[PDB]
Structures are given as structure tokens and as C-alpha cells.
Amino acid sequence: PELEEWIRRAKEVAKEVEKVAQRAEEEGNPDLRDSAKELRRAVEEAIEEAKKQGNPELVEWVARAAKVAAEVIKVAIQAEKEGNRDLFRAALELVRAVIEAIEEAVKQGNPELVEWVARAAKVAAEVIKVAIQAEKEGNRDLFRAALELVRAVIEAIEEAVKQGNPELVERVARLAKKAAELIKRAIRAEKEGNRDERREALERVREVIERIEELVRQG
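Just so we're aligned, residue 3 is where the sequence shown starts under the entry's author numbering, counting upward by one.
Structure representation (C-alpha cells):
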């Protein structure tokens with residue numbers, strides 16, 4: 003029944019995805035509608051396959067990944083409404099990346115990849131929300147820092163999934179979490195009227211992002 007519990011939660015996520023698909027349709031966004039359709043399909047098939055395998059951890063992680071992707075979609079919808087196609091596309095690619103990670107990992111029978119990707123995506127989703135606020139706050143510095151961080155995570159998901167290496171995703175997720183905390187420090191730096199520290203945090207975050215990119219590109 004534990005597996006079943008996770009299945010019900012996965013179905014509830016799928017219900018939320020369908021509701022999102024309907025809203026996306028209603029907002030005049032067939033791109034998001036379609037991405038949501040693929041998300042829904044992916045969830046349904048993942049539920050089916052994982053249920054047939056008997057891997058409740060897989061079901062859980064897939065469900066969480068799907069939930070993250072759904073939140074990314076909600077963010078994409080908001081980004082679209084705010085007139086930010088860059089963020090719309092970043093979120094779309096993140097969602098696609100998560101969806102493929104789900105599909106492939108389920109096909110592999112590798113629940114860890116799904117987990118780590120889901121955690122990385124969750125961090126990236128929070129970073130994207132920060133980027134949106136950052137766009138609204140008049141901080142192109144923070145906008146760009148968050149954008150590059152999200153990009154690094156997306157590429158990490160894409161690449162690690164193409165590799166089939168879940169550890170890479172993990173290490174990236176931990177790095178991204180670190181970058182997120184550096185961004186939070188940057189936010190505090192922003193609040194205190196300390197441009198030196200603001201720049202310091204910006205540079206630390208940038209260092210982490212490029213370091214993520216380089217470590218990820220080799221392995």
C-alpha cells in the first residue's frame with residue numbers, strides 16, 4: 003500500500019498537471035499546454051511502469067520531479083504573463099529536461115537520477131522565482147546571476163541524463179543549493195547598501211556557476 007500511497011500522490015500531481023494544462027490552454031499558451039501534456043503523459047506512464055516494477059522510491063521521486071516540473075510550469079505561466087520570454091523558455095527547457103529525466107530514468111530503472119534531478123530542479127525553480135522578483139526589483143545583476151545558475155542546472159540535468167550519471171546531478175544540486183545560499187547572502191548584501199559585498203557575493207556566485215559548468219563539461 004505504501005507504493006499505492008505514492009501512486010495516489012502521483013495521481014494527485016497528475017491531476018494538478020492536467021489542471022495546469024487547462025489553465026495554460028486558457029491563457030493562450032499552446033507551448034505550455036503541450037509541455038504540460040507531455041508532463042502528464044510522462045507521469046501516467048511512469049506511474050504505470052514503476053508500479054509494474056515494484057519500486058515505490060521510483061514512484062515517489064518521479065512524483066516529486068513531476069511536482070517540481072508543475073511548479074516550474076506555473077512559474078513559466080507567470081513569466082509569460084510578465085512579458086519575460088527568456089524566463090519562459092528557461093522554465094520550458096527545465097521542464098522538458100525534467101520530463102526526459104523522468105522518462106529515461108524510469109526506462110533505466112534508475113530512481114536516484116530522478117531524485118537528484120528533482121532536487122536540482124527544485125533549487126533551480128526557487129532560483130527562477132528569485133530571478134522573476136529580481137527582474138521586478140531592478141536588479142539585472144541578480145537577474146543574470148540567477149539566469150546563469152538556472153542554465154548551469156538545466157545543462158547539468160541534460161548532460162547527466164544523457165550520461166546516465168545520477169551522482170553528477172547530485173553534486174550539481176548541492177552546488178546549486180550553495181549558489182542559492184550565496185544569492186541569499188547577495189540579497190542581504192543588497193539590503194544593507196553594501197555594493198562591495200553585493201559585488202563580492204555576485205562574484206562568488208558567478209565563480210560557482212562557471213565552476214559548475216566546467217566540472218560538468220568534463221564529467
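From the three backbone atoms N, C-alpha and C, an ideal C-beta is built for every residue, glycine too.
Hey, residue i and residue j are a contact pair by Cβ (cut 8 angstroms); roughly how many whole angstroms apart?
i	j	result
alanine 44	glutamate 105	6 angstroms
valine 61	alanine 12	6 angstroms
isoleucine 130	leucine 89	7 angstroms
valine 125	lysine 179	5 angstroms
Within the 8 angstroms Cβ cut-off, does residue i reach chain D?
i	result
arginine 153	In the displayed structure, chain D is absent; only one protein chain is listed.
Just mark residue i as buried or exposed, buried being the case when its beta carbon has 16 or more other beta carbons within 10 Å.
i	result
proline 32	exposed
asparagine 112	buried
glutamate 205	exposed
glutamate 73	buried
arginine 121	buried
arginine 219	exposed
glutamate 128	buried
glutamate 169	exposed
Rank the options by C-alpha distance to the C-alpha of residue i and give the top, closest one.
i	options	result
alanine 147	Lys124, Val207, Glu172 and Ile156	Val207
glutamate 150	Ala188, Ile214, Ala99 and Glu199	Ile214
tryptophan 118	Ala175, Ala26 and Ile211	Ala175
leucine 96	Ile49, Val218 and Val152	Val152
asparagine 167	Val210, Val116 and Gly56	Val116
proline 58	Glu137, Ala99, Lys138 and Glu7	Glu7
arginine 197	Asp143, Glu169 and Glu212	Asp143
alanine 158	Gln80, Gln55, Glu73 and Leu177	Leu177
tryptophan 63	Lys83, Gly195, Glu114 and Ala16	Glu114
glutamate 20	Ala181, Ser37, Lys138 and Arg10	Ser37
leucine 184	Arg201, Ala71, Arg173 and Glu172	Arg201
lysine 53	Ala23, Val15, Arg10 and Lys83	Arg10
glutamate 137	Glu84, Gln110 and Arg98	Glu84
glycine 221	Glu212, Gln165 and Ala26	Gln165
Between which two residues does the alpha helix (DSSP H) harbouring residue i extend?
i	result
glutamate 6	4-28
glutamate 73	58-83
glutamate 192	168-193
Return yes when the C-beta of residue i is under 7 angstroms from any heavy atom of the ligand ZN, and no when it is not.
i	result
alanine 120	The ligand ZN is absent from the structure shown, which contains no ligand whatsoever.
>> As an exercise, report each continuous alpha helix (DSSP H) stretch of at least 4 residues that is fully enclosed by the region 110-139, in chain order.
In response: 113-139
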